[PDB]
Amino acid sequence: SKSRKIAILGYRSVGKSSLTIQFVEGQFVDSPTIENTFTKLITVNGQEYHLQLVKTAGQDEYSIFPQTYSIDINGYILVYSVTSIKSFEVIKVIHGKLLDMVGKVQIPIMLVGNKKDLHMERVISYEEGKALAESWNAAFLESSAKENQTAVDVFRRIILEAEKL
């Protein structure tokens, strides 16, 4: 089995913890906001993976980008909320500072718009975030931390993008 380490980046309250618990624990529960690493076995294309999932502390436009992430990470999930215009604007900034940090080592990157279950609360269309991912040449998905199958699909997509390198 292979070992891979995945950093989950994003603004606060966009659902980094909830997506990662929905994937690791199989369930949607609460009870962090402080960085935490989760382990998880998964098979992608018949290949077994040991995953260290780093759910980061949550970054704003000003919070410095930590180098530690760059040093050992194999893929980055950038999550925003489809109910928060601020988190979408923040993920653009996060992306530039992460490219500023690894330089241009063509590292697996993926954009996720979370909370797609909140139909009445949506302010960002699917197409708006899909255009953003394509201008980055990154994979795009909309997820809901209430729906296990969209959580699982985010995490096996970032490993798919990692095998391609």
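Residue positions are given as counts along the sequence shown, with the first one as 1.
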- Message: If I compare the deposited sequence with the modelled residues, how many are absent between residue 31 and residue 32: none, 1 to 3, 4 to 9, or 10 or more?
- Response: 1 to 3
- Ranked by mean Cα B-factor in the entry, 117-125 and 100-108, top stretch is 100-108
- If you average the Cα B factors in the entry, which is higher, 82-90 or 67-75? 67-75
- Which of 53, 133, 41, 57 ranks first by CA B-factor in the deposited coordinates: 57
- By the record's CA B-factor, is residue 165 among the lowest, middle or highest third of residues in the chain? highest
- Query: C-alpha B factor of residue 153, ranked within the chain: lowest, middle or highest third?
  - Reply: lowest
